[PDB]
Visitor: 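Provided herewith is a single structure, encoded as C-alpha cells, for subsequent inquiry.
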Amino acid sequence: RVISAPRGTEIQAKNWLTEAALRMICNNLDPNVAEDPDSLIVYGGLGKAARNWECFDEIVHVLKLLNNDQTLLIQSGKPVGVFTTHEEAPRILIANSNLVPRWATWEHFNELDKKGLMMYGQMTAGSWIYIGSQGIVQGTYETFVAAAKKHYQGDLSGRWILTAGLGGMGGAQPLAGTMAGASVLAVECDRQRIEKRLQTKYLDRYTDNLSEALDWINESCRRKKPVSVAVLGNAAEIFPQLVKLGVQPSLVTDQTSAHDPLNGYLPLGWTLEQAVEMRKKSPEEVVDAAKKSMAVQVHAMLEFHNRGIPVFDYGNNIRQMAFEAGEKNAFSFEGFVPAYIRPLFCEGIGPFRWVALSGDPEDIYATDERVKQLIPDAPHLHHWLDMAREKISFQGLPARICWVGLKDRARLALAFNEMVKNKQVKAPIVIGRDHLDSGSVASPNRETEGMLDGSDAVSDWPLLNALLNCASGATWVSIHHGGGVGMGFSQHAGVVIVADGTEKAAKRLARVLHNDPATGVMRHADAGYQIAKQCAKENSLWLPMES
Ligand SMILES: NC(=O)c1ccc[n+]([C@@H]2O[C@H](COP(=O)([O-])OP(=O)(O)OC[C@H]3O[C@@H](n4cnc5c(N)ncnc54)[C@H](O)[C@@H]3O)[C@@H](O)[C@H]2O)c1
C-alpha cells in the first residue's frame, strides 16, 4: 500500500481538526517522507506511526468518525478507546512506548513487541508531526548560527567549519553550514555515504587528498563563497593532521557514531572491511581500538580548543569515550546543548513547526513572508526562510520549521489563523514541533545533561507539559518514552494544534502557543538560570516560587 495525506479543501472527517489528524498520520507514511512506510516506520529505525496495519486502518476509521467533543486514546500506536470530553479538549491523546522504569529496556520492549504489545514512538513518528529531513537540517543550521552569534557576531563569511560524519544526522552538516555562511570540511570514512550526499545535492565536492581539500576550502573562504567538501578518511587521522598543519577552522565539532564504538566508529588504521570482520571475531578489541582512536581525535580537538578556536561536542558521547580511553582533558570543551541550545531554551526559543494541510507550497511561502513581516529584525531567521525555499525541498505536505521564542509563538500562530480565515492560505495550518523543546523533554544524557541544579533526570516536567497542553486546548497531545536516546533514557511530550481560522481556535492558539514555551522558561528558571528568570519577568509569567 502507498499512503499520502489527502489534499485540497474537501474533507473526509467531521471537521478540520480531525481531518488534520487524518492528514498528518497519512503524511507520516508518505513514501517521500517515511523511511520504511511498508512497515509503518517513519524514521529512526523503528519509529512507527501506528502499531501495525490493523491499528493504522482503525485509527483512520475512528478519525473520520470522531465528533468535535470526542477524544480518541492512542496507546503505543493502537486506538484503544474513544470517550466523550468536550470541544475545548484535545481530539486525540497519545501515550507511546511508556514502560515502568525497571522494565524500560530494549530487551523488554522487544519481548512486548513480538507479542504485538508495543510500538516505538520515537518523537514525531508516533505523534504525527514528522516532516522529513527539514527537522535535522534546520536544527543543525540553528546550532551553527548560535555558535556564530556567540563567537563571531553572527557572521561566518570567510570562515569554515571542521567536522566529521555524514550519516543520517551528520549528512545535514554541509548544507546547514553553508546555509549559515561558512565553508565546511567534513571527514567521512564511507565513500558510498559521500557519493550519496553528492548525488542528492547535500554536499558540493569530495576528495581523498587533504591538501587538495584545504586548497578548495581556502579558495572558497577567499571568495566568500561557501562550499562543502568531504574528505574521505578517518577523523582520528585527519583531525591530528590538521592540528599539525596549523590550519584555522572557526568551529570544530564531530558527528561520528562515537556513541557506538562497536558498530559505529571506525578505528584508526582500519578499513571498513576489517571492522566488519573484526566485529564478528573480537568485539572487545573493536571497542577498545575505537575508543583509543576517539581519544586521539579528541586530543586534536582539544588542541584547537587550546588555540582559542570554538570546539563543541554534538551529542555523540565522544568526550566520555575518549575520557575512558585515557584523554583526561576530554571535557575541557563544551557540549552543544549547554553552550548553544540551553540558552535559547531559557527564553522559550525552540522548534516551531507548521504544515500546510492544503498540500500547496504557496501556502508555506505565504506564511514564510508573514513570519518575516512579524519578526522584521532577525537576519538569520530571514536568511533561513529565503534559503530554505531554494535549498530545502518539501516532502509530503509542505511544511516549515524555525526557532521561535515565548515572546513570538502565539503572535505567529494567530497570524496564521487569520490567514486561514481570510484565505491567504488555501486550507488550515497544523502547528506543532518535535518533542525537543524547552519544557517538554527530560533527557539526562542530552537535552537536560548538566542542569545547574542537578535536576537532569526529573521527568515531572514533560508530564506537566502534556497535561497543561491538554488543559489549554491543543488538538492532540502526546507523552513518549525513549525517543532518540532509547529505552530508559528520556521522557518527552509533543503538542499539535490546528489553526482552522475560527475564533474558537484563536482562543486555543493564544493559550497553547504561550503556555507550551512558558513551561520551558519555568523549567529553566526553576533550575536556576538567570536568562530564564529574566525571560519569565519580561513575559509576566506567574512562577510562584521565583523571587
Ligand atoms: N541532537 C543531537 O544530540 C544530535 C544531532 C546530530 C547528531 N548527533 C549524534 O551524532 C552521532 C551521529 O549520528 P548519525 O545519525 O549521523 O549517525 P550515523 O551512524 O548515521 O553516522 C555516523 C557516520 O560517521 C562515520 N564515521 C564513523 N567512524 C568515522 C571515523 N573514524 N572517521 C570519519 N567518519 C566516521 C560513519 O561512516 C557514518 O557515516 C550520533 O551519536 C548522534 O546521536 C546528535
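Throughout, numbering of the chain's residues begins at 1 and tracks the sequence. For the numbers below, each heavy atom of this structure counts, side chains included, while hydrogens, waters and symmetry mates do not. Counting convention: from 1, in listed order, for ligands and their atoms alike.
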Visitor: Report yes if some heavy atom in the side chain of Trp384 is under 4.5 Å from a heavy atom in the side chain of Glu142; otherwise report no.
Guide: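 Side-chain contact under 4.5 Å: no.
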
Visitor: Counting both backbone and side chain atoms, is some N or O of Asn316 under 3.5 Å from an N or O of ligand 1?
Guide: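 Among all N and O atoms of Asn316, none is under 3.5 Å from an N or O of ligand 1.
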
Visitor: Does either side chain, that of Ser183 or that of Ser220, offer a donor lying less than 3.5 Å from an acceptor on the other one?
Guide: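 The criterion, which ignores hydrogens and geometry beyond distance, is satisfied for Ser220 and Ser183.
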
Visitor: Decide whether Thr448 and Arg342 meet the rule of one side-chain donor and one side-chain acceptor closer than 3.5 Å.
Guide: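 No.
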
Visitor: Would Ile136 count as a polar contact of ligand 1, with the cut-off being nitrogen or oxygen pairs under 3.5 Å?
Guide: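 It does not: no N or O of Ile136 is found under 3.5 Å from an N or O of ligand 1.
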
Visitor: Strictly under 4.0 Å, does any heavy atom of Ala236 approach an atom of ligand 1?
Guide: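 No.
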
Visitor: Would you say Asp155 and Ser157 are linked by a side-chain donor-acceptor pair, where the criterion is simply a distance under 3.5 Å?
Guide: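 Side-chain D/A pair, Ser157 to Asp155: present.
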
Visitor: Polar contacts were defined as any N/O atom of the residue lying under 3.5 Å from an N/O atom of the ligand; does this apply to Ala235 and ligand 1?
Guide: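 Among all N and O atoms of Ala235, at least one is under 3.5 Å from an N or O of ligand 1.
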
Visitor: Taking the inter-plane angle between the rings of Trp106 and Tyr120 on a 0 to 90° scale, is it parallel (under 30°), tilted (30 to 60°) or perpendicular (over 60°)?
Guide: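 Rings of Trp106 and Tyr120: perpendicular, as their planes differ by over 60°.
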
Visitor: Against heavy atoms of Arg193, which atoms of ligand 1 measure under 4.0 Å?
Guide: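 Counting from 1, the qualifying ligand atoms are 20 (O), 39 (O).
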
Visitor: Considering only heavy atoms, does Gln255 approach ligand 1 within less than 4.0 Å through its side chain, its backbone, both, or neither?
Guide: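 Within the 4.0 Å criterion, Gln255 contacts ligand 1 through backbone and side-chain atoms alike.
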
Visitor: Can a cation-pi geometry be assigned to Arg197 and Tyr202, taking NZ or CZ under 6.0 Å from the six-membered ring centre and within 45° of the ring axis?
Guide: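 Output yes; distance and angle both within limits.
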
Visitor: Is the shortest N/O to N/O distance between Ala164 and ligand 1 below 3.5 Å?
Guide: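 By distance alone, the answer is no.
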
Visitor: Looking just at side-chain N and O atoms, do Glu449 and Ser443 make a donor-acceptor pair shorter than 3.5 Å?
Guide: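 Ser443 and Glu449 do not have a side-chain donor-acceptor pair below 3.5 Å.
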
Visitor: Using a strict cut-off of 4.0 Å, indicate which atoms of ligand 1 neighbour a heavy atom of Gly233.
Guide: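 Answer, ordered by atom number: 32 (N), 33 (C).
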
Visitor: May I ask you to check if ligand 1 and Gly168 share an N or O to N or O distance below 3.5 Å?
Guide: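 Checking ligand 1 against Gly168, an N or O pair does fall under 3.5 Å apart.
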
Visitor: Tell me the nearest of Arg446, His259, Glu188 to atom 43 (O) of ligand 1, using heavy-atom distances.
Guide: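 Nearest heavy atom to atom 43 (O) of ligand 1 lies in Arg446.
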
Visitor: Using distance alone, with no hydrogens and no angle criterion, decide if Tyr265 and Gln297 have a side-chain donor and acceptor under 3.5 Å apart.
Guide: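 There is such a pair (donor and acceptor under 3.5 Å, judged by atom type) between the side chains of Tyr265 and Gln297.
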
Visitor: Does anything in residues 280-318 form a ring-ring contact (aromatic ring centres under 6.0 Å, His included)? List the pairs, not counting sequence neighbours.
Guide: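 Every ring-ring contact (aromatic ring centres under 6.0 Å, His included) pair that includes a residue of residues 280-318, provided the two are not neighbours, is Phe312-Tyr340, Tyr314-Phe336.
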
Visitor: If you count the atoms of ligand 1 from 1 in the order shown, which ones are under 4.0 Å from a heavy atom of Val187?
Guide: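 Close to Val187: 33 (C), 34 (N).
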
Visitor: Check whether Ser282 reaches the backbone of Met278 with its side chain - one donor and one acceptor, N or O, closer than 3.5 Å.
Guide: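 A pair under 3.5 Å: no.
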
Visitor: Return the option from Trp270, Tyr265, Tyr314, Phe239 holding the heavy atom at the smallest distance from atom 44 (C) of ligand 1.
Guide: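 Minimum heavy-atom distance to atom 44 (C) of ligand 1 goes to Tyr314.
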
Visitor: Please list, in number order, the atoms of ligand 1 under 4.0 Å from a heavy atom of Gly264.
Guide: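 What qualifies from ligand 1 is 27 (C), 28 (N).
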
Visitor: Can you sort out which atoms of ligand 1 are near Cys189, meaning under 4.0 Å from one of its heavy atoms?
Guide: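 Matching atoms, with element in brackets: 26 (N), 27 (C), 28 (N), 29 (C), 33 (C), 34 (N), 35 (C), 37 (O).
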
Visitor: Using a strict 4.0 Å cut-off to heavy atoms of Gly170, name the atoms of ligand 1 that fall inside it.
Guide: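 So the atoms of ligand 1 that pass are 16 (O).
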
Visitor: Please list, in number order, the atoms of ligand 1 under 4.0 Å from a heavy atom of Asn234.
Guide: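 Ligand 1 atoms under the 4.0 Å threshold to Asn234: 30 (C), 31 (N), 32 (N).
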
